[PDB]
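Asker: I'm passing along protein06.cif; it holds mmCIF, N, CA and C atoms.
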data_entry
loop_
_atom_site.group_PDB
_atom_site.id
_atom_site.type_symbol
_atom_site.label_atom_id
_atom_site.label_comp_id
_atom_site.auth_asym_id
_atom_site.auth_seq_id
_atom_site.Cartn_x
_atom_site.Cartn_y
_atom_site.Cartn_z
ATOM 1 N N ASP A 118 0.830 -1.210 0.000
ATOM 2 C CA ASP A 118 0.000 0.000 0.000
ATOM 3 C C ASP A 118 0.864 1.258 0.000
ATOM 4 N N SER A 119 1.996 1.202 0.704
ATOM 5 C CA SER A 119 2.944 2.310 0.780
ATOM 6 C C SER A 119 3.634 2.538 -0.567
ATOM 7 N N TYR A 120 3.939 1.440 -1.264
ATOM 8 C CA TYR A 120 4.569 1.504 -2.583
ATOM 9 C C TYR A 120 3.667 2.214 -3.584
ATOM 10 N N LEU A 121 2.361 1.965 -3.474
ATOM 11 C CA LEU A 121 1.370 2.540 -4.374
ATOM 12 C C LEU A 121 1.225 4.052 -4.211
ATOM 13 N N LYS A 122 1.526 4.562 -3.009
ATOM 14 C CA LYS A 122 1.497 5.995 -2.739
ATOM 15 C C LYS A 122 2.708 6.714 -3.323
ATOM 16 N N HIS A 123 3.856 6.032 -3.350
ATOM 17 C CA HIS A 123 5.055 6.565 -4.006
ATOM 18 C C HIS A 123 4.881 6.596 -5.520
ATOM 19 N N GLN A 124 4.164 5.602 -6.046
ATOM 20 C CA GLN A 124 3.901 5.469 -7.474
ATOM 21 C C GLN A 124 2.914 6.528 -7.958
ATOM 22 N N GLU A 125 1.950 6.865 -7.098
ATOM 23 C CA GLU A 125 0.881 7.799 -7.460
ATOM 24 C C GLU A 125 1.397 9.249 -7.538
ATOM 25 N N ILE A 126 2.083 9.689 -6.485
ATOM 26 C CA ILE A 126 2.594 11.056 -6.372
ATOM 27 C C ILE A 126 3.523 11.438 -7.526
ATOM 28 N N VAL A 127 4.233 10.460 -8.078
ATOM 29 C CA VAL A 127 5.154 10.688 -9.184
ATOM 30 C C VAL A 127 4.423 11.159 -10.439
ATOM 31 N N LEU A 128 3.225 10.613 -10.659
ATOM 32 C CA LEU A 128 2.419 10.950 -11.830
ATOM 33 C C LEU A 128 1.945 12.397 -11.773
ATOM 34 N N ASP A 129 1.465 12.799 -10.596
ATOM 35 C CA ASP A 129 0.908 14.135 -10.389
ATOM 36 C C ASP A 129 1.966 15.242 -10.371
ATOM 37 N N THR A 130 3.226 14.878 -10.138
ATOM 38 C CA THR A 130 4.358 15.793 -10.297
ATOM 39 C C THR A 130 4.565 16.120 -11.781
ATOM 40 N N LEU A 131 4.407 15.108 -12.626
ATOM 41 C CA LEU A 131 4.494 15.268 -14.077
ATOM 42 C C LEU A 131 3.298 16.032 -14.640
ATOM 43 N N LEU A 132 2.134 15.872 -14.000
ATOM 44 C CA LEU A 132 0.940 16.655 -14.339
ATOM 45 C C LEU A 132 1.220 18.131 -14.156
ATOM 46 N N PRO A 133 1.968 18.481 -13.071
ATOM 47 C CA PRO A 133 2.341 19.894 -12.851
ATOM 48 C C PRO A 133 3.396 20.364 -13.822
ATOM 49 N N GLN A 134 4.446 19.568 -14.051
ATOM 50 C CA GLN A 134 5.514 19.935 -14.977
ATOM 51 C C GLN A 134 4.990 20.222 -16.381
ATOM 52 N N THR A 135 4.018 19.418 -16.825
ATOM 53 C CA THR A 135 3.346 19.631 -18.099
ATOM 54 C C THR A 135 2.453 20.866 -18.053
ATOM 55 N N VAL A 136 1.757 21.043 -16.931
ATOM 56 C CA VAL A 136 0.857 22.165 -16.719
ATOM 57 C C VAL A 136 1.595 23.490 -16.847
ATOM 58 N N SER A 137 2.808 23.549 -16.285
ATOM 59 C CA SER A 137 3.593 24.770 -16.197
ATOM 60 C C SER A 137 4.153 25.158 -17.570
ATOM 61 N N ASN A 138 4.732 24.180 -18.261
ATOM 62 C CA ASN A 138 5.311 24.393 -19.581
ATOM 63 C C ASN A 138 4.252 24.648 -20.662
ATOM 64 N N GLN A 139 3.040 24.123 -20.443
ATOM 65 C CA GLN A 139 1.938 24.346 -21.377
ATOM 66 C C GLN A 139 1.411 25.768 -21.261
ATOM 67 N N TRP A 140 1.243 26.234 -20.023
ATOM 68 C CA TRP A 140 0.850 27.615 -19.746
ATOM 69 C C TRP A 140 1.965 28.605 -20.091
ATOM 70 N N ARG A 141 3.214 28.162 -20.040
ATOM 71 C CA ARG A 141 4.374 28.974 -20.353
ATOM 72 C C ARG A 141 4.513 29.256 -21.836
ATOM 73 N N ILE A 142 4.130 28.278 -22.658
ATOM 74 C CA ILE A 142 4.143 28.442 -24.114
ATOM 75 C C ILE A 142 3.041 29.409 -24.549
ATOM 76 N N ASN A 143 1.841 29.197 -24.010
ATOM 77 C CA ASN A 143 0.703 30.080 -24.245
ATOM 78 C C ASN A 143 0.973 31.508 -23.779
ATOM 79 N N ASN A 144 1.743 31.651 -22.700
ATOM 80 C CA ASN A 144 2.123 32.934 -22.151
ATOM 81 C C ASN A 144 2.981 33.727 -23.132
ATOM 82 N N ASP A 145 3.880 33.044 -23.838
ATOM 83 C CA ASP A 145 4.739 33.680 -24.834
ATOM 84 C C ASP A 145 3.941 34.092 -26.068
ATOM 85 N N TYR A 146 3.000 33.242 -26.474
ATOM 86 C CA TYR A 146 2.124 33.512 -27.608
ATOM 87 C C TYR A 146 1.317 34.783 -27.375
ATOM 88 N N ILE A 147 0.829 34.953 -26.146
ATOM 89 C CA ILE A 147 -0.050 36.054 -25.785
ATOM 90 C C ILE A 147 0.587 37.407 -26.117
ATOM 91 N N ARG A 148 1.851 37.563 -25.737
ATOM 92 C CA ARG A 148 2.587 38.793 -25.979
ATOM 93 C C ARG A 148 2.715 39.059 -27.473
ATOM 94 N N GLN A 149 2.968 38.001 -28.241
ATOM 95 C CA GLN A 149 3.121 38.112 -29.688
ATOM 96 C C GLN A 149 1.816 38.614 -30.298
ATOM 97 N N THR A 150 0.707 38.010 -29.874
ATOM 98 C CA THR A 150 -0.628 38.373 -30.355
ATOM 99 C C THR A 150 -0.901 39.869 -30.132
ATOM 100 N N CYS A 151 -0.565 40.352 -28.934
ATOM 101 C CA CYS A 151 -0.793 41.745 -28.571
ATOM 102 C C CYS A 151 0.170 42.708 -29.235
ATOM 103 N N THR A 152 1.363 42.230 -29.567
ATOM 104 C CA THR A 152 2.358 43.030 -30.280
ATOM 105 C C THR A 152 1.827 43.385 -31.668
ATOM 106 N N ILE A 153 1.468 42.350 -32.433
ATOM 107 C CA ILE A 153 1.108 42.484 -33.839
ATOM 108 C C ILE A 153 -0.278 43.098 -34.003
ATOM 109 N N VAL A 154 -1.218 42.666 -33.168
ATOM 110 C CA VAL A 154 -2.570 43.209 -33.151
ATOM 111 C C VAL A 154 -2.613 44.736 -33.077
ATOM 112 N N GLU A 155 -1.634 45.299 -32.375
ATOM 113 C CA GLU A 155 -1.431 46.742 -32.318
ATOM 114 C C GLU A 155 -0.934 47.240 -33.667
ATOM 115 N N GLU A 156 0.076 46.562 -34.216
ATOM 116 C CA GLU A 156 0.661 46.924 -35.494
ATOM 117 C C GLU A 156 -0.368 46.879 -36.613
ATOM 118 N N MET A 157 -1.259 45.885 -36.579
ATOM 119 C CA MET A 157 -2.365 45.797 -37.530
ATOM 120 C C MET A 157 -3.353 46.948 -37.332
ATOM 121 N N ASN A 158 -3.585 47.319 -36.076
ATOM 122 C CA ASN A 158 -4.427 48.459 -35.743
ATOM 123 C C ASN A 158 -3.826 49.745 -36.311
ATOM 124 N N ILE A 159 -2.509 49.876 -36.198
ATOM 125 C CA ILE A 159 -1.773 51.026 -36.724
ATOM 126 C C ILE A 159 -1.915 51.086 -38.236
ATOM 127 N N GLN A 160 -1.830 49.931 -38.887
ATOM 128 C CA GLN A 160 -1.902 49.837 -40.339
ATOM 129 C C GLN A 160 -3.272 50.259 -40.847
ATOM 130 N N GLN A 161 -4.328 49.771 -40.192
ATOM 131 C CA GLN A 161 -5.701 50.037 -40.616
ATOM 132 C C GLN A 161 -6.071 51.512 -40.472
ATOM 133 N N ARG A 162 -5.588 52.139 -39.402
ATOM 134 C CA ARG A 162 -5.822 53.565 -39.181
ATOM 135 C C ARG A 162 -5.210 54.376 -40.315
ATOM 136 N N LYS A 163 -3.970 54.036 -40.654
ATOM 137 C CA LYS A 163 -3.260 54.684 -41.762
ATOM 138 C C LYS A 163 -3.934 54.405 -43.101
ATOM 139 N N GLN A 164 -4.512 53.210 -43.231
ATOM 140 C CA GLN A 164 -5.213 52.795 -44.436
ATOM 141 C C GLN A 164 -6.422 53.703 -44.653
ATOM 142 N N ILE A 165 -7.224 53.873 -43.604
ATOM 143 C CA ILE A 165 -8.417 54.699 -43.659
ATOM 144 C C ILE A 165 -8.136 56.180 -43.894
ATOM 145 N N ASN A 166 -6.970 56.633 -43.427
ATOM 146 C CA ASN A 166 -6.539 58.011 -43.614
ATOM 147 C C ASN A 166 -6.283 58.324 -45.081
ATOM 148 N N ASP A 167 -5.514 57.464 -45.748
ATOM 149 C CA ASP A 167 -5.274 57.590 -47.191
ATOM 150 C C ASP A 167 -6.594 57.570 -47.951
ATOM 151 N N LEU A 168 -7.411 56.565 -47.636
ATOM 152 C CA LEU A 168 -8.681 56.333 -48.322
ATOM 153 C C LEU A 168 -9.519 57.602 -48.446
ATOM 154 N N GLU A 169 -9.588 58.382 -47.369
ATOM 155 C CA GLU A 169 -10.307 59.649 -47.385
ATOM 156 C C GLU A 169 -9.430 60.802 -47.870
ATOM 157 N N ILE A 170 -8.126 60.725 -47.605
ATOM 158 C CA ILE A 170 -7.185 61.745 -48.033
ATOM 159 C C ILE A 170 -7.159 61.862 -49.555
ATOM 160 N N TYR A 171 -7.054 60.718 -50.234
ATOM 161 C CA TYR A 171 -7.026 60.677 -51.683
ATOM 162 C C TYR A 171 -8.297 61.253 -52.281
ATOM 163 N N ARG A 172 -9.437 61.051 -51.603
ATOM 164 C CA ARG A 172 -10.716 61.607 -52.051
ATOM 165 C C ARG A 172 -10.727 63.126 -51.936
ATOM 166 N N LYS A 173 -10.368 63.614 -50.742
ATOM 167 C CA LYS A 173 -10.443 65.048 -50.446
ATOM 168 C C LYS A 173 -9.474 65.892 -51.284
ATOM 169 N N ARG A 174 -8.406 65.267 -51.789
ATOM 170 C CA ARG A 174 -7.504 65.910 -52.733
ATOM 171 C C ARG A 174 -8.190 66.081 -54.074
ATOM 172 N N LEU A 175 -8.834 65.005 -54.542
ATOM 173 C CA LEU A 175 -9.477 64.994 -55.855
ATOM 174 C C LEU A 175 -10.729 65.871 -55.891
ATOM 175 N N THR B 493 -13.965 -34.990 5.627
ATOM 176 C CA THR B 493 -13.333 -34.559 6.876
ATOM 177 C C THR B 493 -12.425 -33.361 6.591
ATOM 178 N N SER B 494 -11.620 -33.489 5.534
ATOM 179 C CA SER B 494 -10.714 -32.413 5.115
ATOM 180 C C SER B 494 -11.511 -31.177 4.702
ATOM 181 N N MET B 495 -12.401 -31.334 3.718
ATOM 182 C CA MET B 495 -13.317 -30.283 3.282
ATOM 183 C C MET B 495 -13.961 -29.564 4.468
ATOM 184 N N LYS B 496 -14.385 -30.336 5.467
ATOM 185 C CA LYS B 496 -14.949 -29.760 6.681
ATOM 186 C C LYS B 496 -13.891 -28.998 7.477
ATOM 187 N N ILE B 497 -12.859 -29.729 7.900
ATOM 188 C CA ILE B 497 -11.786 -29.187 8.729
ATOM 189 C C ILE B 497 -11.060 -28.021 8.058
ATOM 190 N N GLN B 498 -10.682 -28.227 6.796
ATOM 191 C CA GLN B 498 -9.874 -27.265 6.049
ATOM 192 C C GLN B 498 -10.670 -26.027 5.669
ATOM 193 N N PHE B 499 -11.854 -26.219 5.081
ATOM 194 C CA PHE B 499 -12.678 -25.102 4.625
ATOM 195 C C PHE B 499 -13.224 -24.257 5.775
ATOM 196 N N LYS B 500 -13.444 -24.883 6.931
ATOM 197 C CA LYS B 500 -13.798 -24.143 8.147
ATOM 198 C C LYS B 500 -12.632 -23.261 8.577
ATOM 199 N N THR B 501 -11.418 -23.805 8.496
ATOM 200 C CA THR B 501 -10.186 -23.052 8.754
ATOM 201 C C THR B 501 -10.009 -21.968 7.687
ATOM 202 N N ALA B 502 -10.297 -22.322 6.434
ATOM 203 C CA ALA B 502 -10.197 -21.382 5.318
ATOM 204 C C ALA B 502 -11.156 -20.214 5.505
ATOM 205 N N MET B 503 -12.417 -20.525 5.829
ATOM 206 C CA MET B 503 -13.435 -19.512 6.048
ATOM 207 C C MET B 503 -13.098 -18.632 7.239
ATOM 208 N N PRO B 504 -12.471 -19.229 8.288
ATOM 209 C CA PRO B 504 -12.033 -18.417 9.431
ATOM 210 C C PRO B 504 -10.825 -17.571 9.053
ATOM 211 N N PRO B 505 -9.863 -18.184 8.312
ATOM 212 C CA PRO B 505 -8.703 -17.428 7.842
ATOM 213 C C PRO B 505 -9.127 -16.357 6.852
ATOM 214 N N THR B 506 -10.105 -16.673 6.006
ATOM 215 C CA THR B 506 -10.607 -15.734 4.998
ATOM 216 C C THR B 506 -11.304 -14.542 5.666
ATOM 217 N N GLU B 507 -12.291 -14.826 6.517
ATOM 218 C CA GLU B 507 -13.075 -13.781 7.168
ATOM 219 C C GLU B 507 -12.250 -12.932 8.130
ATOM 220 N N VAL B 508 -11.225 -13.528 8.744
ATOM 221 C CA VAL B 508 -10.277 -12.785 9.572
ATOM 222 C C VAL B 508 -9.416 -11.872 8.704
ATOM 223 N N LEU B 509 -8.939 -12.420 7.585
ATOM 224 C CA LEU B 509 -8.172 -11.644 6.611
ATOM 225 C C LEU B 509 -9.069 -10.588 5.976
ATOM 226 N N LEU B 510 -10.208 -11.017 5.425
ATOM 227 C CA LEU B 510 -11.178 -10.115 4.792
ATOM 228 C C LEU B 510 -11.511 -8.890 5.640
ATOM 229 N N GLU B 511 -11.773 -9.094 6.929
ATOM 230 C CA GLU B 511 -12.084 -7.996 7.841
ATOM 231 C C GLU B 511 -10.957 -6.978 7.889
ATOM 232 N N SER B 512 -9.716 -7.473 7.908
ATOM 233 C CA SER B 512 -8.520 -6.636 7.938
ATOM 234 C C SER B 512 -8.124 -6.148 6.522
ATOM 235 N N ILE B 513 -8.370 -6.985 5.510
ATOM 236 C CA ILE B 513 -7.800 -6.804 4.172
ATOM 237 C C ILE B 513 -8.785 -6.260 3.133
ATOM 238 N N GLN B 514 -10.094 -6.436 3.344
ATOM 239 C CA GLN B 514 -11.090 -5.767 2.501
ATOM 240 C C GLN B 514 -11.014 -4.254 2.651
ATOM 241 N N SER B 515 -10.683 -3.791 3.857
ATOM 242 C CA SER B 515 -10.418 -2.378 4.115
ATOM 243 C C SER B 515 -9.154 -1.955 3.379
ATOM 244 N N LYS B 516 -8.098 -2.770 3.501
ATOM 245 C CA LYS B 516 -6.836 -2.486 2.819
ATOM 246 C C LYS B 516 -6.904 -2.710 1.305
ATOM 247 N N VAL B 517 -7.850 -3.547 0.867
ATOM 248 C CA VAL B 517 -8.132 -3.745 -0.560
ATOM 249 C C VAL B 517 -8.716 -2.463 -1.115
ATOM 250 N N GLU B 518 -9.774 -1.968 -0.469
ATOM 251 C CA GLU B 518 -10.395 -0.697 -0.839
ATOM 252 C C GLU B 518 -9.358 0.425 -0.858
ATOM 253 N N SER B 519 -8.543 0.481 0.192
ATOM 254 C CA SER B 519 -7.411 1.409 0.262
ATOM 255 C C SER B 519 -6.489 1.279 -0.947
ATOM 256 N N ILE B 520 -6.148 0.048 -1.302
ATOM 257 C CA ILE B 520 -5.232 -0.239 -2.398
ATOM 258 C C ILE B 520 -5.924 -0.096 -3.751
ATOM 259 N N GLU B 521 -7.206 -0.470 -3.825
ATOM 260 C CA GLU B 521 -7.955 -0.471 -5.081
ATOM 261 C C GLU B 521 -8.462 0.910 -5.488
ATOM 262 N N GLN B 522 -8.848 1.725 -4.506
ATOM 263 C CA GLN B 522 -9.197 3.127 -4.765
ATOM 264 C C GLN B 522 -7.985 3.984 -5.130
ATOM 265 N N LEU B 523 -6.794 3.552 -4.713
ATOM 266 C CA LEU B 523 -5.538 4.172 -5.105
ATOM 267 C C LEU B 523 -5.179 3.828 -6.544
ATOM 268 N N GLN B 524 -5.522 2.615 -6.990
ATOM 269 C CA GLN B 524 -5.266 2.184 -8.363
ATOM 270 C C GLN B 524 -6.065 3.015 -9.355
ATOM 271 N N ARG B 525 -7.311 3.316 -8.997
ATOM 272 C CA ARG B 525 -8.182 4.158 -9.830
ATOM 273 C C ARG B 525 -7.616 5.566 -10.027
ATOM 274 N N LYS B 526 -6.798 6.025 -9.075
ATOM 275 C CA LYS B 526 -6.155 7.324 -9.141
ATOM 276 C C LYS B 526 -5.047 7.356 -10.198
ATOM 277 N N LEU B 527 -4.374 6.225 -10.417
ATOM 278 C CA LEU B 527 -3.385 6.101 -11.492
ATOM 279 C C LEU B 527 -4.072 6.192 -12.848
ATOM 280 N N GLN B 528 -5.263 5.596 -12.958
ATOM 281 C CA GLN B 528 -6.003 5.574 -14.215
ATOM 282 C C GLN B 528 -6.524 6.947 -14.624
ATOM 283 N N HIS B 529 -6.699 7.859 -13.657
ATOM 284 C CA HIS B 529 -7.043 9.247 -13.932
ATOM 285 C C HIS B 529 -5.809 10.142 -13.998
ATOM 286 N N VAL B 530 -4.796 9.843 -13.192
ATOM 287 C CA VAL B 530 -3.512 10.541 -13.255
ATOM 288 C C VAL B 530 -2.775 10.293 -14.571
ATOM 289 N N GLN B 531 -3.028 9.142 -15.200
ATOM 290 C CA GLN B 531 -2.501 8.825 -16.522
ATOM 291 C C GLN B 531 -3.295 9.527 -17.606
ATOM 292 N N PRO B 532 -4.640 9.464 -17.508
ATOM 293 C CA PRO B 532 -5.489 9.971 -18.608
ATOM 294 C C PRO B 532 -5.356 11.474 -18.767
ATOM 295 N N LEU B 533 -5.149 12.198 -17.665
ATOM 296 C CA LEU B 533 -4.872 13.628 -17.702
ATOM 297 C C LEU B 533 -3.475 13.920 -18.248
ATOM 298 N N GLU B 534 -2.526 13.040 -17.927
ATOM 299 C CA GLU B 534 -1.129 13.178 -18.320
ATOM 300 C C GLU B 534 -1.008 13.290 -19.838
ATOM 301 N N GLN B 535 -1.731 12.427 -20.551
ATOM 302 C CA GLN B 535 -1.682 12.364 -22.001
ATOM 303 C C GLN B 535 -2.294 13.600 -22.645
ATOM 304 N N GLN B 536 -3.431 14.057 -22.130
ATOM 305 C CA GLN B 536 -4.094 15.238 -22.665
ATOM 306 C C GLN B 536 -3.243 16.480 -22.485
ATOM 307 N N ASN B 537 -2.467 16.553 -21.393
ATOM 308 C CA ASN B 537 -1.548 17.651 -21.144
ATOM 309 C C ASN B 537 -0.314 17.561 -22.046
ATOM 310 N N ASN B 538 0.205 16.348 -22.240
ATOM 311 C CA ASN B 538 1.312 16.136 -23.172
ATOM 312 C C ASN B 538 0.898 16.484 -24.594
ATOM 313 N N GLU B 539 -0.312 16.055 -24.953
ATOM 314 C CA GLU B 539 -0.882 16.311 -26.275
ATOM 315 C C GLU B 539 -1.037 17.812 -26.471
ATOM 316 N N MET B 540 -1.619 18.478 -25.475
ATOM 317 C CA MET B 540 -1.821 19.927 -25.522
ATOM 318 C C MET B 540 -0.510 20.709 -25.434
ATOM 319 N N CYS B 541 0.477 20.149 -24.742
ATOM 320 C CA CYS B 541 1.800 20.749 -24.668
ATOM 321 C C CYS B 541 2.437 20.768 -26.058
#
Can you present the structure in this file as structure tokens?
Answerer:
Amino acid sequence: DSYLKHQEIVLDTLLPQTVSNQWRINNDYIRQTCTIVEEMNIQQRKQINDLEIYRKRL
Amino acid sequence: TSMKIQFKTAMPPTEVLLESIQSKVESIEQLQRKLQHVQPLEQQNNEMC
């Protein structure tokens, strides 16, 4: 019965190690998403500016 | 005679063991079920990792 408790705890340690590295990968992705999403926002604003600018010139 | 003598001893040895060991069986068997869930989560986390 004691052996089975040593066997069990080992599995749940790996559950945490996987849990941490899985959340750690997603954590890095998050920053990337927010980096570019801003850059795309910057692009679209500039896009709309030209769109009306070119009209108001003509 | 043997069947009588032996199986009476067996039933006494069994029920004496069972009283002590059915509790320890449940202890040991409910722990085994924990491996079967500790494993099944392990794979989904590895897969998702």
Asker: Enumerate, as a VMD selection string, the residues matched when the PyMOL selection byres ((chain A) within 7 of (chain B)) is run on the file above.
Answerer: chain A and resid 118 121 125 128 to 129 131 to 132 135 to 136 138 to 139
Asker: What is the distance between atom CA of residue A:122 and atom C of residue B:522, in Å to one decimal?
Answerer: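 These two atoms are separated by 10.0 Å.
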Asker: For the atom pair atom CA of residue A:123 and atom CA of residue B:525, what is the interatomic distance in Å to one decimal place?
Answerer: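 Computing it gives 14.7 Å between the two atoms.
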Asker: What's the separation between atom CA of residue A:153 and atom CA of residue A:165, in Å to one decimal place?
Answerer: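 Taking atom CA of residue A:153 and atom CA of residue A:165, their separation equals 18.3 Å.
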